[PDB]
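Visitor: take this sequence and fold it.
(chains A, B, C, D, E, F, G, H and I)
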Amino acid sequence: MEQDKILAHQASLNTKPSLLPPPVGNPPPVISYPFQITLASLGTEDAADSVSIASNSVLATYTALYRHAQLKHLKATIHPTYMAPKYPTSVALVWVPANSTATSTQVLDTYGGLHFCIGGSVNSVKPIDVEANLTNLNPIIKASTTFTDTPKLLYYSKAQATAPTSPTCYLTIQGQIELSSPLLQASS
Amino acid sequence: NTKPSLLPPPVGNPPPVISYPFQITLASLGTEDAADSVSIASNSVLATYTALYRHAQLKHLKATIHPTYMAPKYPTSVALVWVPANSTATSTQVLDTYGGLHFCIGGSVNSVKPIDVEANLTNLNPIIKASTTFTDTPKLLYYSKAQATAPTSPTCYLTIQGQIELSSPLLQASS
Amino acid sequence: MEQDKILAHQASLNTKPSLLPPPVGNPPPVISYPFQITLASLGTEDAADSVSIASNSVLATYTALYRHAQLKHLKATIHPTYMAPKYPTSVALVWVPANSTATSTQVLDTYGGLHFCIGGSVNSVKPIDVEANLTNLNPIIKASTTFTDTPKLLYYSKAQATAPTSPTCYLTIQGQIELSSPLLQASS
Amino acid sequence: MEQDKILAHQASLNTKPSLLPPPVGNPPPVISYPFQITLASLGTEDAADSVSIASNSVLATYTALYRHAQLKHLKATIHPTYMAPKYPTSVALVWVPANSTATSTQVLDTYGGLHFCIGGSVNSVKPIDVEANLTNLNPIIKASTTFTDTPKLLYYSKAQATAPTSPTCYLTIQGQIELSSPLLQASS
Amino acid sequence: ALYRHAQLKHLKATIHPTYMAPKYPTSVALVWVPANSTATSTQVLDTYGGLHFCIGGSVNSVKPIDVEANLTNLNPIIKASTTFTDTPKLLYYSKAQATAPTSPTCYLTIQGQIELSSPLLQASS
RNA sequence: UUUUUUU
RNA sequence: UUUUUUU
RNA sequence: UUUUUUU
RNA sequence: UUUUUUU
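Guide: Residues are numbered from 1 along each chain as shown, chains lettered A, B, ... in the order given. Shown next is the structure:
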């Protein structure tokens, strides 16, 4: 009962993959820094964008001094303004890993995508919070290694045809970022 | 300082894992000389299966040479070796690489049985998709020399087969 | 007693980040190899460059054979020549992580940056060393992935208006690199 | 801390899916019947086909008298003939569930696909068996219910340009089928 | 600016010579004193720890000259809930050649490490 | 096969 | 609210 | 909501 | 071989 296959063996050796060795040399001191950044003023014209938290100019002014930066908490917030009652505005948003191929115009076609109606007399003008789940999305936005699954926020907003001249709401992100390992930069 | 980067602790239950099988024909050999290098992690076919997930790891992986009805009359040489993708060895240096194999397919007795060459996934990085990009994933180098007066049909086929473990859905749109 | 905010929940699922599986078997042996590489001949004309240690052609001839390379010690040295005393040369240098945005003209605005006067009369003594602090720079220049903060050397040099035809000094780097896990290469 | 969603409930009732109730009325007698069917005579011209075991005319002459038919064992066999030594022939085949979209020309692009070289002086003219895995493929080719994953055999064969006039090999399938539950048919 | 508490861990002044120092020797004198000291730049040598150097001229091109600040004689806390009177103050005096160069003969810098804590709310604009 | 990796 | 301070 | 399924 | 009989 012979088999119809010949097995050829490629000689092996002891060679393995590797990353970063352990700290055991005094785990570096970590500081936590708070932030609130206004990403957009909506309601005067349609708008749509994708914000990669790890590439954000403003947040980068804090992480530029360190080699490691990890989000402790993160959320987006929509704050209705004095123009929301008379000019209802649509705002849709969803949080996805940065390597997702989803675009701002496909929020409702993405699992978890939300769409809100801001303003409208009968409506409520209470602000809305949408937390980013840092157990699904990778919170390490800066490290020795480059990660591809950090938080990316997608948002779309539709304004009234006959729009106001002042925004109906502000979209901001807020959280705290753990910083460590000074990265030598110039002071000039 | 000295704080490069590791991961935060797995919160709860680890995500479910599924295995998807595959077999791909890389080349039809014996009608003309051939030589190529195939980086598994960059393969178009595999990419369609991993596109929906965040983590993809090879479970088993091997190359197989399948002699055809033209091998008996047209002996063909096939050489191949598995190396990490960052190796700079080229397809024409298989026998100058530790573990490189060169086979004679057809013409002589017993030379028409198919041949398997497993990739050692403890010597090559099996993770082809994760939170970061790796540089040492499997790369197959192959070289083939055909008879001067070659046939019009291939003397053998080179395929690779295995299974990929997929996990952690990557949010995408339905559109 | 009533809060002024609305919480919206983005539907979640079990999806986590990931890297390398646990290390299986015996770890491979490590060896340290000493080296000294000449990076530049200075003094015949103004010069300024930035050298990324991880992508240096010469050092790569040592790391080409392995998968993991880690610096144990690393320093830069300025060796003066017999032409330095007649043609004093300014040489300034600093070590920074590769992802630092500092430039050769900002050495003195960067921690650890030094500006020297080579020759002129003096500064012919036991060549000047400028050690790299491996706790502020990632010493691993080769592994399963590429790192962003490996050593980068910045240097700036000003030569005399009426310059010599032979260099007034040489800039080299010296150190020891730990190598492990052979990488299959051809022996041709 | 109010939520931004209203939950509406659709009234339910006790309604469930269902199939076939248990036997408890005397499990029907089962008989096992053997078969060997020649599917093709290869080597005189290229050939390619897909054979759905549940639709096979010949096997159906046995199952036509019953309501339930289940394969106990099943395999394909290639038997080289007196013309194989001088006329090497290629035969490729693979077993897949009937609902697979794979076609006869894609055997080697399907997990498990095999390709053999039959004949050739230096070769062997020993017959070859390729068992169908009845734990992966659904063995019930006939029942009260129609199943979509029963065994389907795909095969491709390439013959010599200057071919023989008699086949170089025969492809057959053989096994045993468990039959039960007489299905009333006419005897005329 | 981003924090409420700042304390110096190490602090020093350094004089880095340039290629012009050897042809144009420069006198440089410096001393560290608490901010509430009444000493002036012309009294460096009459103050404890004050040093007067000759930069270039031929020599003094070696590994830049450091002058460490003693944090037990100077208050290292430069930022807290209140303002302090004795934080570090650096005094320096320099005499150049009568016929001076058009490029500097040396640079004076300060280097150190500062301990920061208690974030201070600032705008991110 | 140009077999000494998986402790 | 743009909620992770009061051990 | 036009809530009486998940024993 | 087209191997599932000899409990």
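Visitor: so how far is RNA strand F from the nearest residue to residue A:95 once chain neighbours are set aside?
Guide: Leaving aside its chain neighbours, residue A:95 sits nearest to residue A:132 (4.7 Å; criterion: CB to CB, 6 or more residues apart in numbering or on different chains). For every residue, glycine as well, the C-beta is placed using N, CA and C. Relative to RNA strand F, residue A:132 is positioned 38 Å away (CB to the nearest atom of the strand, to the nearest Å).
Visitor: try residue A:93
Guide: According to CB to the nearest atom of the strand, residue A:93 stands 46 Å off from RNA strand F.
Visitor: go on, residue A:137?
Guide: Using CB to the nearest atom of the strand, one obtains 33 Å as the distance from residue A:137 to RNA strand F.
Visitor: just give me the neighbour total for the residue lying closest to that residue once chain neighbours are set aside.
Guide: Here the nearest residue to residue A:137 in space, its sequence neighbours aside, is residue A:151; by CB to CB, 6+ apart that works out to 4.5 Å. Residue A:151: 25 surrounding residues under other CB atoms under 10 Å in any protein chain shown.
Visitor: residue contacts, the residue in chain A that RNA strand I sits nearest to?
Guide: Residue nearest to RNA strand I within chain A (CB to the nearest atom of the strand): residue A:1, separated by 7.3 Å. Applying CB atoms under 8 Å, 6 or more residues apart in numbering or on different chains to residue A:1 gives no contacts.
Visitor: residue A:108 now?
Guide: For residue A:108, the contact set (CB under 8 Å, 6+ apart) comprises A:92, A:115.
Visitor: doesn't it fall inside a strand?
Guide: No. Going by DSSP: H, G, I helix; E, B strand; the rest coil, the assignment for residue A:108 is helix, not a strand.
Visitor: from residue A:91, how far out is it?
Guide: To residue A:91, residue A:108 is 12 Å away according to CB to CB, to the nearest Å.
Visitor: what sits in contact with each of those two?
Guide: Joint contacts of residue A:108 and residue A:91 (CB under 8 Å, 6+ apart) are residue A:115.
Visitor: what about residue A:166, neighbour count?
Guide: 12.
Visitor: what of residue A:149?
Guide: Counted by other CB under 10 Å, the residues lying close to residue A:149 total 26.
Visitor: try residue A:45
Guide: For residue A:45, the count of nearby residues is 11 (other CB under 10 Å).
Visitor: so what's residue A:93 bridging to?
Guide: In this entry, residue A:93 is beta-bridged to residue A:114, residue A:155, by DSSP bridges.
Visitor: identify the residues contacting it.
Guide: Contact analysis of residue A:93 by CB under 8 Å, 6+ apart lists A:76, A:107, A:113-114, A:130, A:153-156, A:171.
Visitor: just the strands in chain A please.
Guide: All strands of chain A, identified by DSSP state E, fall at A:6-8, A:31-42, A:47-52, A:66-80, A:89-97, A:114-118, A:128-131, A:140-142, A:151-158, A:169-182.
Visitor: what comes up buried for the longest one?
Guide: Which is strand A:66-80. A:66-71, A:74, A:76-80 (16 or more other CB atoms under 10 Å in any protein chain shown).
Visitor: near RNA strand G too, which of the residues you listed?
Guide: Restricting the buried residues of strand A:66-80 to those touching RNA strand G (CB under 7 Å from any atom of the strand) yields A:76-77, A:79.
Visitor: circling back to that earlier point, for the residue nearest to residue A:95, list the residues it contacts.
Guide: Residue A:132 makes contact with A:71, A:74-76, A:95, A:151, A:153, A:175, according to CB under 8 Å, 6+ apart.
Visitor: let's see that with 6 Å instead.
Guide: Contact analysis of residue A:132 by CB atoms under 6 Å, 6 or more residues apart in numbering or on different chains lists A:74, A:95, A:151.
Visitor: could I get those as CSV with distance to residue A:103?
Guide: As requested, those are exported to CSV (distance: CB to CB, whole Å):
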residue, distance to residue A:103
A:74, 21
A:95, 14
A:151, 16
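Visitor: can you redo those residues as JSON lines, where the extra columns are distance to RNA strand F?
Guide: JSON lines is the format used below for the contacts of residue A:132 (distance: CB to the nearest atom of the strand, whole Å):
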{"residue": "A:74", "distance to RNA strand F": "39"}
{"residue": "A:95", "distance to RNA strand F": "39"}
{"residue": "A:151", "distance to RNA strand F": "36"}
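Visitor: which one of those residues is nearest chain B?
Guide: Of all those, residue A:95 has the smallest distance to chain B: 8.8 Å, by CB to the nearest CB.
Visitor: show me the contacts for the closest one.
Guide: Residues near residue A:95 by CB under 6 Å, 6+ apart: A:132, A:151, A:153.
Visitor: ok, back up a step: greatest separation within the buried residues of strand A:66-80: which pair is it?
Guide: In the buried residues of strand A:66-80, two members sit farther apart than any others by CB to CB. They are A:67 and A:80, at 39.4 Å.
Visitor: residue A:31 touches residue A:178, doesn't it?
Guide: No. Look at residue A:31 against residue A:178 with CB atoms under 6 Å: they stay out of range, at 7.2 Å.
Visitor: and of the strands of chain A, who's closest to RNA strand H?
Guide: Nearest to RNA strand H among the strands of chain A is strand A:114-118; the distance by CB to the nearest atom of the strand comes to 19.6 Å.
Visitor: do that closest one and RNA strand G come into contact?
Guide: No. Applying CB under 7 Å from any atom of the strand, one finds strand A:114-118 out of contact with RNA strand G, separated by at least 11.7 Å.
Visitor: other SSEs contacting that strand?
Guide: strand A:89-97 (3 or more CB pairs under 6 Å, 6 or more residues apart in numbering or on different chains; DSSP states H and E).
Visitor: quick one, the strand it packs on and strand B:53-67 angle?
Guide: 50 degrees (axes from the mean of the first three to the mean of the last three CA atoms, to 10 degrees).
Visitor: if I pick the spatially closest residue to residue A:187 that is not a sequence neighbour, what's in contact with it?
Guide: Nearest residue to residue A:187 in three dimensions, chain neighbours excluded: residue C:109, at 5.0 Å (CB to CB, 6+ apart). Residue C:109 sits next to A:186-188 when contact means CB under 6 Å, 6+ apart.
Visitor: what parts of chain A come near chain B?
Guide: Taking CB under 6 Å from any CB of the partner chain as the measure of proximity, chain A contacts chain B at A:5-8, A:10-12, A:15, A:17, A:20, A:25, A:28, A:68, A:96, A:100-102, A:106, A:109-111, A:135, A:138, A:143-145, A:147, A:149, A:180-182.
Visitor: neighbours of residue A:103, just the number please.
Guide: The burial count for residue A:103: 15, using other CB under 10 Å.
Visitor: cool, residue A:25 as well?
Guide: The local packing of residue A:25 (other CB under 10 Å) involves 9 other residues.
Visitor: just the one 5 residues further on next, same as before
Guide: With neighbours defined by other CB under 10 Å, the count for residue A:30 comes to 14.
Visitor: nearest residue to the closest residue to RNA strand F within chain A other than its sequence neighbours?
Guide: Residue nearest to RNA strand F within chain A (CB to the nearest atom of the strand): residue A:11, separated by 2.6 Å. Once flanking residues are discounted, residue A:11 sits nearest to residue B:99: 4.1 Å by CB to CB, 6+ apart.
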